[PDB]
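Q: Quick one: the structure is below, questions incoming.
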Amino acid sequence: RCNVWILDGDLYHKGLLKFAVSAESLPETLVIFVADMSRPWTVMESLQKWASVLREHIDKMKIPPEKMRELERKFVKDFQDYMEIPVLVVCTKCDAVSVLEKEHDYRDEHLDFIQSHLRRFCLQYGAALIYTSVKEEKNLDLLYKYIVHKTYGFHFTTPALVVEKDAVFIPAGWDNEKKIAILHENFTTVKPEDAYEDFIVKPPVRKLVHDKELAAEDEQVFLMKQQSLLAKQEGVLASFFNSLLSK
Amino acid sequence: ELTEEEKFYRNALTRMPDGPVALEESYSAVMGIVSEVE
């Protein structure tokens, strides 16, 4: 049985992480990072937020530098040895892509943009990317198999799927900048180096802006003001009718 | 539309007077009993 630890989204509870991972239990732990595809625009901001939180957590652990470099060597050896600590990025509510086509006029270029961003981030952290949909039950068994493989060392056989928009799967080591360059061919307006935020926009949700506080004047200032007061006492039609007048 | 945060006092956990200390003791105590049983 594999221990499961779900941290609340607020940083106020991030200090609970010390009770989820310890020095003895760090190598046995597999890290899962969730990305919400119903809110794609915050995905990388959230990912650098939580990854940075994990880096800060590992900093407070005070692992010996030799042991830390040993862990890095083990992880990288697992990395380059791939043929056709661990970090796995899981995308949730990818079926909301169907919403993005109808509500925000997205297209294959935008989806290529976000997934190329996600694969470059996975390269940065050496992670495996996967797309899921609990609503549609997509890639759940593929997930479970990969999780068991990477934790218990079980076998794995599924290949990398990078053609379908909402079912992408990339095991660790598969991705590379040359392999990521295929999506940049589909780009016709944006570039790989363009900023996330300028192209993909965070919608300005029409929150109820509470009205200005209307305040009654104080009695003294009001009476002073009253004392001061008391003591001192069509075209388009014309265009058409000009058009039919010139001729 | 009213979100879950607006509907209920989910954020009240962050308004404890002694910070998150009391929440840690709750989680720690669960860790202590499990450590002994294990």
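Q: Please give the calculated 222 nm ellipticity per residue for the protein assembly as shown, where each DSSP H segment of at least 4 residues contributes -39500 (n - 2.57) and the sum is spread over every residue; nearest 500 deg cm²/dmol?
A: Result for the protein assembly as shown: -14500 deg cm²/dmol, rounded to the nearest 500.
Q: So, counting K/R as plus one and D/E as minus one, what does the shell of residues with Cβ under 13 Å around A:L30 add up to?
A: Net of charged neighbours comes to -1.
Q: Between A:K102 and A:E177, what is the FRET efficiency for a Förster distance of 35 Å, r being their Cβ-Cβ separation, to the nearest 0.05?
A: 0.60
Q: Return the average number of partner chain Cβ atoms within 10 angstrom of each residue Cβ along peptide A:7-16.
A: Mean shielding by partner chains, rounded to a whole number: 3.
Q: Now, a different point. Decide, for region A:15-72, between rounded, prolate and oblate: order the square roots of the alpha carbon gyration tensor eigenvalues as a ≥ b ≥ c, take rounded if a/c falls under 1.5, and otherwise choose prolate if a/b is larger than b/c, else oblate.
A: Prolate.
Q: DSSP loop (so not H, G, I, E, B), at most 16 other Cβ within 10 Å: list which chymotrypsin sites (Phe, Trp or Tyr not before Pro) in region A:51-83 pass both filters.
A: Counting only loop positions with at most 16 other Cβ atoms within 10 Å, the chymotrypsin sites (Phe, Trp or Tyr not before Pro) in region A:51-83 are A:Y82.
Q: Considering amide H positions built from the backbone, and no H for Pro or chain starts, which residues 5 or more places from A:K138, or on another chain, come under 5 Å of its amide H?
A: A:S133
Q: Would you mind counting up the charge near A:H149? Only other residues with Cβ under 13 Å from its Cβ, with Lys and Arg at +1 and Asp and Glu at -1.
A: Spelling it out: positives minus negatives among the neighbours equals 0.
Q: While we're here: Determine, for A:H104, A:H110, A:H210, the number of other Cβ atoms within 10 Å of each Cβ, and report the residues in order from fewest to most.
A: A:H210, A:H104, A:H110
Q: Taking the Cβ-Cβ separation of A:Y144 and B:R15 as r and a Förster radius of 30 Å, what is the calculated FRET efficiency to the nearest 0.05?
A: For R0 = 30 Å, the calculated efficiency reads 0.20.
Q: Still on this model: Quick check: pseudo-label points 7 Å beyond the Cα along Cα→Cβ at B:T3 and A:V201, how many nm apart are they?
A: Placing both labels 7 Å beyond Cα along the Cβ direction yields 2.1 nm.
Q: A:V209 versus A:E70, label points 7 Å from Cα toward the beta carbon: distance in nm?
A: Once both label points are built, they end up 6.0 nm from each other.
Q: Moving on to the next point. Sort A:87-97, A:50-60, B:8-18 by the packing proxy (mean of other Cβ within 10 Å over each peptide's residues), most packed first.
A: Highest-to-lowest ranking by the protection proxy: A:87-97, A:50-60, B:8-18.
Q: Explain nothing, just compute: Karplus ³J(HN,Hα) = 6.51 cos²θ - 1.76 cosθ + 1.60, θ = phi - 60°, for every residue of region A:152-160 in order, whole Hz, x for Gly and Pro.
A: 3J(HN,Hα) across region A:152-160, in whole Hz: 7, x, 5, 5, 8, 9, 5, x, 7.
Q: Counting other Cβ atoms within 10 Å, which trypsin sites (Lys or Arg not before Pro) in region A:163-229 have at most 10 and lie in a DSSP loop?
A: A:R206, A:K207, A:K212
Q: On average, how many beta carbons from a partner chain sit within 10 Å of the beta carbon of a residue in A:67-74?
A: 0
Q: In region A:135-177, which GluC sites (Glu not before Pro) fall in coil by DSSP and have 12 or fewer other Cβ atoms within 10 Å?
A: A:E137, A:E164
Q: So, one more: Label-point separation (nm) for B:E36 and A:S46, each offset 7 Å from Cα along Cα-to-Cβ?
A: According to this spin-label approximation, the distance is 4.0 nm.
Q: Can you tell me how chain A classifies by the Cα gyration tensor, rounded, prolate or oblate, using a/c under 1.5 as the rounded cut?
A: oblate
Each value in this text was obtained by applying a stated rule to the coordinates, not by laboratory testing. So basically every Cβ, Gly included, is an ideal-geometry build from the backbone, and we count neighbours across all protein chains shown.
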